[PDB]
Protein chains: 2
Amino acid sequence: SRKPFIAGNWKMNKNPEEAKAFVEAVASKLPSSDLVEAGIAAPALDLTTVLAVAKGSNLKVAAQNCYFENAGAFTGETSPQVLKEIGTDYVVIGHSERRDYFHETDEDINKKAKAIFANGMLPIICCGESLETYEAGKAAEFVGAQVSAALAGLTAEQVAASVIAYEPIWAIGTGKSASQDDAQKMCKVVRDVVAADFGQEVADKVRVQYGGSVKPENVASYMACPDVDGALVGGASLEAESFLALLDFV
Amino acid sequence: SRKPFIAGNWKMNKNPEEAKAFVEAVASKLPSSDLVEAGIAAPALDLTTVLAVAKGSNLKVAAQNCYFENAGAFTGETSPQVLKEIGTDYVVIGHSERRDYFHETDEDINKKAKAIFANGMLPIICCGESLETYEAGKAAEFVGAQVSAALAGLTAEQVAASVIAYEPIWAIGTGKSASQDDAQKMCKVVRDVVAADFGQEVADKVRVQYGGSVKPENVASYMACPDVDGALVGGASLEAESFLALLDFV
Ligand code: NA
Ligand code: NA
Ligand code: NA
Ligand code: NA
Ligand code: NA
């Protein structure tokens with residue numbers, strides 16, 4: 001019985017005042033912690049603000065990226081050590097946008113996952129295949145390799161506590177649309193990979209989120225699929241009213 | 001009559017409480033703004049804390065990097081619009097470490113400079129040649145090209161208000177050392193390219209910092225160089241006592 005987890009990725013949106021207003025509007029109105037886990041991945045500029053207002057609530061707080069060293073000569077980078085000290089719960093890593101624009105590799109993601117656990121936090125590891133890979137019938141192999149690479153070297157206990165988010169990158173365009181069948185098939189691809197590398201017992205504990213489009217009238221249907229344990233939500237997490245609406249399924 | 005500018009680049013160091021304690025120890029002890037401009041480039045996690053503690057002082061506040069769009073689907077990026085909204089003065093762009101680890105290009109830097117001005121802040125534009133380029137005898141040409149690429153499209157008034165930091169990359173972690181002679185030579189190369197592109201009047205206003213090994217014991221000797229207007233200082237800016245000691249040359 002894996003606990004569902006809806007994480008809202010604000011991406012590069014909101015200043016601290018806007019972030020503050022959002023958390024004040026949502027933190028005290030989330031469903032009970034036993035029913036669903038709810039969190040926000042906020043910009044680094046906004047984190048201390050989000051954490052202060054989220055204090056005493058069930059809203060989990062995630063960073064959108066971090067570097068793989070605790071400190072040093074890495075101008076412009078966010079430390080996982082500092083993230084932990086300020087009270088951050090999760091760190092999103094390997095998001096499609098970072099693997100794209102910012103050249104992040106499987107090796108960087110693996111290093112980040114290790115750094116995040118070394119700093120007592122939990123990673124939300126993103127994966128997903130391109131349109132080209134999808135059209136070539138290679139989604140399962142590509143995603144499988146990504147997942148395996150990211151987890152290599154973690155302990156069984158660390159794997160069991162990780163979150164993995166599957167993004168259907170191929171469905172961003174015009175002529176492609178993802179369905180519940182896609183979410184289920186791809187979330188199972190992730191879990192089977194974890195099973196092959198760490199065993200079925202570990203695989204059955206790791207949460208796998210769907211990162212494709214979910215809406216209030218469909219979120220429940222997607223989450224009810226056997227291998228889908230939550231959602232990494234983009235645009236719909238930017239408004240309090242919209243984010244809260246995605247927690248209705250519980 | 002170019003006002004000297006010492007900027008302490010903390011790089012990926014300090015949590016918010018550490019950042020607050022530092023500002024508390026240096027804000028009220030800085031020299032008059034008429035003598036020297038003093039700033040701190042702090043991690044994004046610490047910026048709101050630095051800004052609030054520095055409020056009312058003459059301590060300038062800088063970000064260590066930002067993206068070139070105000071908002072959007074850029075997971076993990078720091079917005080220049082939010083940097084302005086919180087009150088940031090400067091943004092360091094093109095630092096050697098980012099051009100290295102994150103493959104940042106001259107095109108990225110040019111877009112960032114424009115974004116920074118569009119948002120009402122000032123850039124600290126970093127440049128500098130590799131050991132290979134240095135050994136090839138092509139330092140002047142290489143650095144000149146970086147400066148020209150970074151400033152292309154900016155107005156003469158924007159260039160006059162910009163800050164450019166020459167980093168002797170060939171003498172950072174290579175077993176080679178750079179001296180006051182290299183600082184003067186290379187800071188003049190920078191100013192000469194500004195003069196060529198925007199006229200000598202503009203060039204005589206742009207502040208060119210040195211980004212090599214500067215310390216309290218030797219800062220005065222570098223500042224005496226006619227074309228050196230400051231320093232973008234790393235390790236020596238982490239301790240309060242040491243940062244203040246970089247400001248006593250006037
Ligand atoms: Na499910
Ligand atoms: Na300000
Ligand atoms: Na190096
Ligand atoms: Na050196
Ligand atoms: Na000088």
Side-chain angles (χ1 to χ4, degrees), chain A residues 75, chain B residues 1-9 35-39 41 60 62 64 89-96 99 106 109-110 112-113 116-117 121-129 133-134 139-152 154-172 178-215 218-234 236-237 246-247 249-250:
Chain A
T75 294
Chain B
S1 63
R2 290 181 289 271
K3 183 184 292 184
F5 180 20
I6 299 300
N9 187 6
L35 304 178
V36 61
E37 181 171 8
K60 301 287 178 291
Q64 290 175 18
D89 297 290
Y90 297 96
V91 184
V92 174
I93 55 169
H95 195 275
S96 57
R99 291 179 190 260
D106 294 308
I109 303 314
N110 180 249
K112 285 178 188 194
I116 288 157
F117 279 105
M121 298 176 302
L122 294 173
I124 298 169
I125 306 174
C126 304
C127 64
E129 84 290 7
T133 305
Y134 174 90
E141 299 89 331
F142 184 87
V143 168
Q146 289 191 307
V147 173
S148 291
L151 307 171
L154 295 181
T155 70
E157 288 183 12
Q158 293 169 334
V159 173
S162 294
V163 178
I164 299 171
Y166 170 75
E167 309 175 74
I169 292 168
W170 59 273
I172 296 164
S179 66
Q180 295 86 341
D181 190 57
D182 297 297
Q184 170 52 36
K185 175 198 178 193
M186 298 307 300
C187 288
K188 177 165 181 62
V189 163
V190 171
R191 192 179 313 287
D192 291 347
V193 165
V194 177
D197 291 357
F198 295 87
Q200 195 66 51
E201 181 161 46
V202 170
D204 295 347
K205 310 157 89 75
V206 73
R207 298 178 299 157
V208 183
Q209 289 176 328
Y210 180 60
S213 183
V214 169
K215 294 293 299 184
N218 70 22
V219 64
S221 65
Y222 283 93
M223 291 307 308
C225 302
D227 290 286
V228 173
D229 302 311
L232 182 60
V233 181
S237 77
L246 296 166
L247 311 179
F249 63 89
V250 282

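Order of the sequence lines fixes the chain letters, A, B, ..., with proteins taken first and strands second; residue numbering starts at 1 for each chain.
Between B:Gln146 and B:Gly128 the shortest heavy-atom distance is OE1-N, 2.7 Å. In terms of heavy atoms, B:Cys127 sits closest to B:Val147 at SG-CG2, 4.2 Å. The minimum heavy-atom distance linking B:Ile172 with B:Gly211 is given by the pair CD1-O, 4.1 Å. When every heavy atom of B:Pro123 is checked against every heavy atom of B:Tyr90, the shortest pair comes out as O-CD2, 4.5 Å. Nearest heavy-atom pair, B:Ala195 versus B:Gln200, reported as atom, atom and distance to 0.1 Å: CB-OE1, 3.3 Å. In terms of heavy atoms, B:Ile169 sits closest to B:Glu129 at CB-O, 3.3 Å.
Remark: B:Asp182 CG to B:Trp170 CH2 distance equals 4.0 Å, nearest 0.5 Å. To the nearest 0.5 Å, atoms CG (B:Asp192) and CG (B:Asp197) are separated by 11.0 Å. For the atom pair CD1 of B:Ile93 and SG of B:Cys126, the computed distance is 8.0 Å after rounding to the nearest 0.5 Å. Distance CZ/B:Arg2 to NZ/B:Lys205: 10.5 Å, rounded to 0.5 Å. Separation of atoms CD (B:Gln64) and NE2 (B:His95) is listed at 8.5 Å; rounding is to 0.5 Å. Summarising the geometry, atom CE belonging to B:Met223 is positioned 5.5 Å from atom CD1 belonging to B:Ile6; distances are rounded to the nearest 0.5 Å.
The side-chain hydrogen bond (donor to acceptor under 3.5 Å, both in side chains) test applied to A:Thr75 returns B:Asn9, B:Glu97, not counting sequence neighbours. A search for side-chain hydrogen bond (donor to acceptor under 3.5 Å, both in side chains) contacts involving B:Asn218 returns nothing, not counting sequence neighbours.
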Given the rule in the side chain to side chain contact (heavy atoms under 4.5 Å, CB included) test, do B:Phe198 and B:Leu151 qualify, once you have shown the distances and angles that lead to the verdict? CA-CA 10 Å; B:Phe198 295 87; B:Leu151 307 171; 3.9 Å; yes
Determine, stepwise, if the pair B:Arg191 / B:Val206 fulfils side chain to side chain contact (heavy atoms under 4.5 Å, CB included). CA-CA 8 Å; B:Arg191 192 179 313 287; B:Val206 73; 3.8 Å; yes
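One N or O on the side chain of B:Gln184 and one on the backbone of B:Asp227 form a donor-acceptor pair closer than 3.5 Å. The closest donor-acceptor contact from the side chain of B:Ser237 to the backbone of B:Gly234 lies under 3.5 Å.
Results of the side chain to side chain contact (heavy atoms under 4.5 Å, CB included) test with B:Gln209 over B:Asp229, B:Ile164, B:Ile124 single out B:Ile124 as the only residue that passes.
Contact check for B:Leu122 versus B:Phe117: side-chain heavy atoms found under the 4.5 Å cut-off. The shortest side-chain heavy-atom distance between B:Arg99 and B:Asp106 falls under the 4.5 Å cut-off. Using a 4.5 Å heavy-atom threshold, the side chains of B:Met186 and B:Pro168 count as separate. Looking only at side-chain heavy atoms (C-beta outward), B:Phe249 and B:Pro4 come within less than 4.5 Å of each other. Considering only heavy atoms from C-beta on, B:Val159 comes within 4.5 Å of B:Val194 through its side chain. Side-chain contact check for B:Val163 versus B:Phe5: some heavy-atom pair is nearer than 4.5 Å.
Annotation for B:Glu157: atom CD does not count as buried by contact number, only 12 or fewer foreign heavy atoms lying within 6.0 Å.
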